[PDB]
Amino acid sequence: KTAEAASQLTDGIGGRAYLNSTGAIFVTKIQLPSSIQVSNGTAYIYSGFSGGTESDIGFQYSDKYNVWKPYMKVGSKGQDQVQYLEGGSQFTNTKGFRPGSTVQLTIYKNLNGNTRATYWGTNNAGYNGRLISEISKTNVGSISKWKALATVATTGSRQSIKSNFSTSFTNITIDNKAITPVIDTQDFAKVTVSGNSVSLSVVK
Amino acid sequence: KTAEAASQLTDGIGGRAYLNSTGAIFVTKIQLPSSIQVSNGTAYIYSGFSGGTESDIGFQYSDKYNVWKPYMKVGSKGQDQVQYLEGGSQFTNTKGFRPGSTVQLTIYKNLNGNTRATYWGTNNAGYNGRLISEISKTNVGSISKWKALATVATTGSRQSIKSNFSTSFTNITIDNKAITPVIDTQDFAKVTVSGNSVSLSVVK
Amino acid sequence: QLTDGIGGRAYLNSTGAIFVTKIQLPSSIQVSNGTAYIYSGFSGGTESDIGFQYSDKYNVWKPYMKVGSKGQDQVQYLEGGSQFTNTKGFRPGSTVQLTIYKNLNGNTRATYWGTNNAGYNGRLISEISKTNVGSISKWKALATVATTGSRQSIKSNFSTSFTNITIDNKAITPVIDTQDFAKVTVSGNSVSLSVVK
Amino acid sequence: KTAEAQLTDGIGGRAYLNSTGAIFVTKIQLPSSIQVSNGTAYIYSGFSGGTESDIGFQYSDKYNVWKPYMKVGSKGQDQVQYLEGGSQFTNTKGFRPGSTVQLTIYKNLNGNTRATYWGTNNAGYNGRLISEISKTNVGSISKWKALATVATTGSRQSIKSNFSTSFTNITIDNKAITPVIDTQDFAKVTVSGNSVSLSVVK
């Protein structure tokens, strides 16, 4: 359950802006929240593309480990079909990107038919490095725009959700062009845009 | 110049024992000397880890203020980068741990990329409480062992050091397991081991 | 009243000896005909101005302290001077912990915890010897633009904050005093200063 | 495994460049074609002494390009950041066979080890890659090196190869340095002044 596609199943709360480019290579720097409270569902911070195929590509928060884990789903294939070509033993399974840190996220919509996300960042132990992840055989063609989201999602009821965290997407570029996002939805969130940066705080 | 790294620079004299465990959390109760003479150099009492990154974490004798001041170095970052998250106003600047008292030192080699040292003890004025010291971004990984030293370090001639003081590391545990130290070096010092306890007297 | 500039001032009404605050230096600044300072210090029998001075030459907030008649020429740096003085200082937009000792063995000491332009994170211990400070009436919080030529050729725009204000391991809620082309807001033990002329 | 410094568990040619200076530059002619079957082919310089470094290219059969490659001390490719030009010369792109690349290495630029490449990728983009490992804090160094190798985690006895590359216009701290042959292991290394040719044939 996720409408990141401007249909209706944002089965949760949060904020969303749209980056109006059909480009193929997205890059941003994400300021992960210094702390987060989320008490009924699962917090996510992600980019992705929409309009044609849909993708949720970014981070998913872990209370058990207190880390922002790499997360990606393209079309009908998600988390079980993500391979890790580099950095897997420093940023996956128990590990993830540390709270309060900057991570650089580069997304290739279609790189030889594969969808690739590259993270530069620091894990909980303090290792500073690269994770390369990919879903293969996505063969993404036409895309209409890219997104910038901060959410709490749930399979329970949304009205029991409780949250407070804030994040930032800075130096957003697509095909090496700076793109200014446009606010789309604000559901218990406050979304601020300034040039090719967008800051999102989710509070409920 | 130090040489807790088991090779030369021991611009000084003192005793050393190794504690042969690779664990991440170290605990001991230190009986600081009731009495000290040190005439040419600066007396240290410390633990810390070695191999991968070397560290000196304990106390440094202050003759101006007649207390055992906190001291910690990890890798290339030293006293200048030690932050005091709790208790700085009772155990640092011109305060410290009083001669002859017992201090409980806990050392975390990597608590989320930071090296934390926690001291429980008594300052010159009889205040009994906690000092939490930390150097952030030490990002320590594999260590080979832990250490226990009492030394007089100099900047000039070790040949001119005069000293007489003795101290003990007691109730030593690493990851909650009692470890017996193993004598390593004795240079104008007497090192004695008794279960998870080591006694060191530095006489010249 | 010799504020030879614009700026905001609040007072901290305690007579205690040990003051701490973490200061959020401005992320942005324009100052066009004066020198921008951010500082605390104490009042009422040997004054002091203890904080930062913006360096236009090097784009940092340099350490700054004057106590009575002794000025920056008599400020010792016992630790950290290689990373936070001369060409260096505290970087714009970073938070620095400032601890001021009014009389530590007769010396006034200001200890900063902060980060320089290069990203070094560490301590500066700065001191003026033989200040021999006795009775004090209160402590202060300022953000000013000081000039030594004319005061209406000053254009400026910068904001800052001092929070977690403590005096004598205790605290205090500041009280606004002066608003000289500045807007000051107090919330508990925090004061927000915004100098806009 | 790598012995740019017993662990040359591969084949190739090595010359040393006997200068302790801080900045190295050279033009590399990358092979027009390469056969390499039971290992990974590398072309690289770097320094020796207190902190070893391997800094240059590694060959990719899947993409048929010479990818940038750098390892300093214990921190390697996973901790290389690309400050400029990453979208033209990394991921599936690299430097194109048969082309010239200017490699400029800083052992220590504000504690950081930086390698700058000026070259042409497979699609014909002519430009700069700046790569760096941060917080290497390289101190004293013994010499610089030039190598063409095939390395393996398998059996070196099953390696096969045929490629030839050249280091030209070698300067360290802007002085011209004549390399001296160190090892030839199924390699023929040639030197003419500040140029060295390497052909690795097994």
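Sequence lines set the chain letters: A, B, ... in the order given, protein chains first and strands last, and positions in each chain run from 1. We use all heavy atoms of the structure for the numbers below, so side chains are in, but hydrogens, waters and symmetry mates are not.
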Chemist: If the contact rule is any heavy atom under 4.5 Å from chain C, which residues of residues 74-107 of chain B qualify, in numerical order?
Modeler: B:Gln79, B:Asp80, B:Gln81, B:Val82, B:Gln83, B:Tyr84, B:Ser89, B:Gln90, B:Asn93, B:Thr94

Chemist: Could you tell me which residues in residues 119-142 of chain C have at least one non-hydrogen atom under 4.5 Å from a non-hydrogen atom of chain B, sorted by residue number?
Modeler: C:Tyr120, C:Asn121, C:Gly122, C:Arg123

Chemist: Does B:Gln159 have more than 12 heavy atoms from other residues, nucleotides or ligands lying within 6.0 Å of its CD?
Modeler: yes

Chemist: Among residues 40-54 of chain C, which residues come closer than 4.5 Å to chain B, judged by heavy atom distances?
Modeler: none

Chemist: With a 4.5 Å heavy-atom cut-off (strictly below), which parts of residues 170-197 of chain C touch chain B? List them by number.
Modeler: none

Chemist: Please classify the contact of C:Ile18 with chain B as side chain, backbone, both or neither, using a heavy-atom distance under 4.5 Å.
Modeler: neither

